[PDB]
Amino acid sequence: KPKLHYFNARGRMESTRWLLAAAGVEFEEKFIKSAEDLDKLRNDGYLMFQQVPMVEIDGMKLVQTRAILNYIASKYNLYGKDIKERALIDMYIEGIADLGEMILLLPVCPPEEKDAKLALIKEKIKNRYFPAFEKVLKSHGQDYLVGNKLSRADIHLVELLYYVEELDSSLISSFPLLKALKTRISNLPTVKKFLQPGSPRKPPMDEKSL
């Protein structure tokens, strides 16, 4: 059972929780509560770079979000079937991670910059990223982003749709195929269970958790 080392928050660990849940993989989380508990991990040599996310899986102590995700995606066959399919997936999810990164860092923006930053996020959502993924879906007409089969690209994108909805439920309104992808993936058995109350899914980051 994979053991997830982070703090009790979405942060850089949430996308891993989503991906494991969608693959129907149960995991334990060992929450950090203190600088004390983080230094315990560092001193015990558990963090190659002195950083979390860290995941204990299959004998390894994997740090770096993208090392974790790439490994979970291959293990459970959500990475496509060849390196040309992995290149489409990689191009998609790196666009997603670029937008996700902007959203993840909004609350820590300097207060005088937050209005512009959020404005920018919305402009790129509407003009850059959502048209890109809508055009992909319109291009093959299939139910999945790559290979007409479920992959990490669908999981990562739908996860981001939920965060855009939290920011502005109007932004997806002009994108019908993204809408239909959000509902179809949400109603996959493992994803629907993860979205239901009492799962490991984490809330938005309020102030005290901040």
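Counting begins at 1, following the sequence as shown.
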| property | result |
| --- | --- |
| Of 32-40 and 174-182, the one with larger mean CA B-factor | 32-40 |
| Mean C-alpha temperature factor, higher of 60-68 and 43-51 | 43-51 |
| Which of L78, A116, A97, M91 ranks first by CA B-factor in the deposited coordinates | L78 |
| Position of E85 among the chain's modelled residues by C-alpha B-factor, lowest, middle or highest third | middle |
| Chain third (lowest, middle, highest) by recorded CA B-factor, residue given as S199 | middle |
| Lowest, middle or highest third - CA B-factor, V25 | middle |
| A153 CA temperature factor, ranked by third within the chain | lowest |
| Third assignment of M102 from its chain's C-alpha B-factors | lowest |
